[PDB]
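Everything on this sheet refers to the single structure shown next.
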Amino acid sequence: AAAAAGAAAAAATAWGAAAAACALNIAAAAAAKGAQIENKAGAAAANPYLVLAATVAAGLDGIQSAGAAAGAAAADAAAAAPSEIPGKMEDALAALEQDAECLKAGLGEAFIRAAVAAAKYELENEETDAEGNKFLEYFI
Amino acid sequence: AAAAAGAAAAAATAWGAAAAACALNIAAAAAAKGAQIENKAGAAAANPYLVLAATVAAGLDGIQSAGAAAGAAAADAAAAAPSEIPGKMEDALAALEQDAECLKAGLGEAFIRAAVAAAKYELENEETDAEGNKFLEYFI
Amino acid sequence: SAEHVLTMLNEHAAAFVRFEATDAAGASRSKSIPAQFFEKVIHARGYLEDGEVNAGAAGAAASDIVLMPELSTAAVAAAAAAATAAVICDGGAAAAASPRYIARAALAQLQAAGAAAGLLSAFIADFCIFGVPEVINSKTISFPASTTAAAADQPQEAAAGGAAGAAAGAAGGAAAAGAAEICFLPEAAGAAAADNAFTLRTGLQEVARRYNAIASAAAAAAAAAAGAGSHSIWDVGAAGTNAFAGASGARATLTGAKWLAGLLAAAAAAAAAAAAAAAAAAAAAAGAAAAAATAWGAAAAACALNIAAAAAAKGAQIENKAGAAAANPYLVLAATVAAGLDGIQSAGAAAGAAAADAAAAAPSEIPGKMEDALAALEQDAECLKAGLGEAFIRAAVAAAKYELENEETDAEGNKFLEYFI
């Protein structure tokens with residue numbers, strides 16, 4: 001809802017130093033030590049440790065694909081890049097299975113599936129008994 | 001609840017002509033044409049056509065097993081016969097699968113399973129999708 | 001030391017002293033007097049009282065029973081509004097309904113059998129906390145209700161300065177502090193949940209009340225969430241060393257496997273103390289983290305009798321889960337030991353360790369009828385309800401039964417006439 005359309009929104013996945021709505025500003029400075037970037041694609045409902053992980057995981061493989069950010073935004077408040085983009089969940093899943101390297105980089109998840117399996121066994125034991133009763137209630 | 005314990009209950013599965021609580025009285029009469037029996041093992045919440053069927057289905061095979069009603073009740077309000085009896089659902093199911101001939105005699109049921117299958121296919125399609133979601137919610 | 005209890009009255013300027021005990025259901029109880037009454041006689045004769053105040057402790061022709069305070073267990077009652085002390089007691093005349101004296105018989109039997117010289121257990125029991133509980137029943141309605149500042153239901157509600165926006169979630173509030181606190185930390189108490197359970201059970205409530213809240217031990221205090229379990233760890237020793245350490249599975253040993261065999265066999269009857277209320281049966285119901293699976297292992301987390309594996313052999317122990325905080329501590333401490341004390345004499349075995357899916361292997365036991373549960377109670381029968389009577393119970397209960405049967409036989413006499421008309 002905070003990322004929805006408006007004159008000061010930040011959903012425009014673009015970079016620049018004057019187009020204030022673009023998600024990835026350059027923090028220009030007089031001292032070279034202060035030349036940095038400025039990210040806007042989020043809100044305080046987030047998880048700090050997982051944002052700090054995920055934003056770095058993207059940068060850590062952009063330097064290995066040797067990809068490019070296209071030209072800087074200096075026109076009207078949204079477009080150039082935006083783009084990305086294909087307009088379907090099937091293509092979002094295709095991206096997740098082709099790159100896939102700027103995304104969810106390293107580790108598992110072995111601890112998650114081990115703990116979640118114990119909960120799933122109890123849930124599936126209750127659900128399979130309920131489904132067993134429901135099937136009889138459909139055959140009558 | 002109507003068949004529960006009390007001084008005028010009718011759950012005593014027995015026969016006679018003076019023990020008023022016994023479920024199967026003899027309707028004694030001066031004219032031989034009026035010699036009949038008197039059944040008490042039910043209440044007006046029943047289905048008339050299915051009671052009329054089931055009570056006859058019992059009599060229709062008692063004449064083929066050549067079984068006997070034991071001695072008439074003339075003692076205190078309950079016992080002799082009661083009996084039957086074994087005190088478990090497993091033995092009630094064993095009786096349903098050994099006699100089985102005084103019970104649910106003839107027909108099917110082909111019409112019931114044909115109509116109920118159409119309802120069961122819709123119910124199982126909704127339930128298997130719900131179980132599919134529940135299994136994922138147990139694996140996390 | 002009688003001398004130490006007497007000098008504590010001067011050292012802490014105690015104006016009064018509190019005698020303390022526990023009932024058969026599992027709740028602590030207390031009474032008090034001025035400190036000036038303490039003399040050499042009570043150290044050998046206790047305090048005589050009329051037992052007719054309790055419907056299972058005396059009778060009208062025997063209206064004299066004894067509370068017996070002890071002289072190694074005194075403490076300052078620091079939660080009180082005045083300078084006072086507290087002392088736990090046994091009960092006697094007699095007697096054999098005092099849970100602490102019943103628990104001491106299991107410790108005496110452990111030593112008298114020559115199997116070991118002591119028992120080295122501890123507990124990790126959970127609890128609940130609230131601000132406004134409301135629970136009532138009548139001829140026309142029945143409902144429980146409760147709430148707390150951490151509850152997942154509060155962030156949608158208004159408050160006198162707005163909501164904090166910081167509540168927990170369903171099975172998602174594992175952020176509380178410890179050791180919860182002043183009934184274990186300043187005493188460095190360490191020892192088993194026999195005597196130590198009741199300072200914790202009163203302390204949790206008293207500290208919550210002094211912070212405008214309340215605390216409880218209800219095993220299933222809310223649906224679709226965690227509850228007040230009473231999980232523990234268990235061990236045996238003599239001559240200064242552990243007796244469950246060895247070279248079988250998860251660093252256990254053969255006498256440990258025989259204690260486990262006793263515990264597995266007794267689980268269907270140990271539940272009468274460890275799960276003493278319907279809330280504990282609800283906590284033991286089916287789910288992904290239930291503990292009703294009467295089995296042993298070191299990885300199958302749902303199994304009731306884990307092995308507490310450790311790098312030091314002195315720390316090789318077992319971990320029991322078959323109960324909740326609605327239990328009676330002294331009778332759990334007695335019953336769980338009574339099972340182990342005869343598993344070593346039947347020389348039974350715990351079968352193979354559980355490492356498969358969350359329930360089965362052993363479970364088993366098992367026959368599926370009350371008649372077979374009663375048959376087990378009359379064939380073994382030796383891991384269960386071991387030693388004592390009960391002579392004190394039947395003597396006090398007979399006095400109550402004579403009054404009840406005199407009222408009931410007159411009522412039945414009237415009812416028979418009302419059936420003959």
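Ligands are numbered from 1 in the order shown, residues from 1 within each chain, and chains are lettered A, B, ... in the order they appear in the structure tokens.
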
Exercise. Do me a favour and pick out the residues of chain C within 12 Å of chain B, using only C-alpha atoms, as a ChimeraX atom specification.
Key: /C:287-289,368-369,418-420

Quiz prompt | Residue list for chain B near chain A as JSON, numbers by chain, 6 Å, only C-alpha atoms | solution = {"B": [116, 117, 119, 120, 123, 124, 135, 138, 139, 140]}

Please, could you write that set of residues out with C-alpha atoms as a compact mmCIF listing (two decimals), in the first residue's frame?
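Here's the written file out33.txt:
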```
# COMPACT_ATOMS: atom_id res chain seq x y z
CA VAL B 116 -23.74 -40.24 -3.48
CA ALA B 117 -20.67 -40.79 -5.76
CA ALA B 119 -21.63 -35.61 -4.39
CA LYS B 120 -18.44 -37.39 -3.10
CA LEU B 123 -16.48 -33.01 -1.89
CA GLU B 124 -13.20 -34.96 -2.46
CA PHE B 135 0.50 -30.45 3.86
CA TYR B 138 2.92 -28.61 7.88
CA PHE B 139 6.25 -28.84 5.89
CA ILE B 140 7.21 -25.12 6.52
```

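The set of residues in range 111-235 of chain C assigned to strand (DSSP E) by DSSP, using only backbone atoms of this structure, is residues 118, 119, 122, 123, 128, 129, 130, 134, 135, 136, 137, 142, 143, 144, 145, 214, 215, 216, 232, 233 and 234 of chain C.
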
Quiz item: Within 7 Å of residue 99 in chain C, counting only C-alpha atoms, which residues qualify if same-chain residues fewer than 2 places away don't, as a VMD selection string?
Solution: chain C and resid 22 to 24 97 101 to 103 330 to 331

Quiz item: DSSP says helix (DSSP H, G or I) for which residues of range 18-243 of chain C? Put them as a ChimeraX atom specification?
Solution: /C:35-37,42-45,51-53,99-112,154-156,196-209

Practice problem: Calculate how many Å separate CA of residue 258 in chain C from CA of residue 389 in chain C, rounding to one decimal. | Solution: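 Going from CA of residue 258 in chain C over to CA of residue 389 in chain C covers 26.1 Å.
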
Quiz item: Leaving out range 64-78 of chain A and any residue of its chain fewer than 3 positions from it, which residues lie within 12 Å of it when counting only C-alpha atoms, given as number ranges by chain?
Solution: A: 5-26, 57-61, 81-84, 99-102

Quiz prompt | Neighbour list for residue 284 in chain C as a PyMOL selection string, cut-off 12 Å, only C-alpha atoms, skip fewer than 2 positions in-chain | solution = chain C and resi 219-220+226-230+271+274-282+286-294+302+304+321-324

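One finds CA of residue 183 in chain C at 5.6 Å from CA of residue 200 in chain C.
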
Quiz item: Out of A:31, A:105, A:2, A:37, which residue has the shortest atom-to-atom distance to residue 54 in chain A when counting only C-alpha atoms?
Solution: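 Checking each of A:31, A:105, A:2, A:37 against residue 54 in chain A, counting only C-alpha atoms, the winner is A:105.
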
Practice problem: Determine, counting only C-alpha atoms, which protein, DNA and RNA residues have an atom within 7 Å of an atom of residue 135 in chain C; residues of the same chain fewer than 6 positions away are not included. Present the result as a PyMOL selection string. | Solution: chain C and resi 143-145
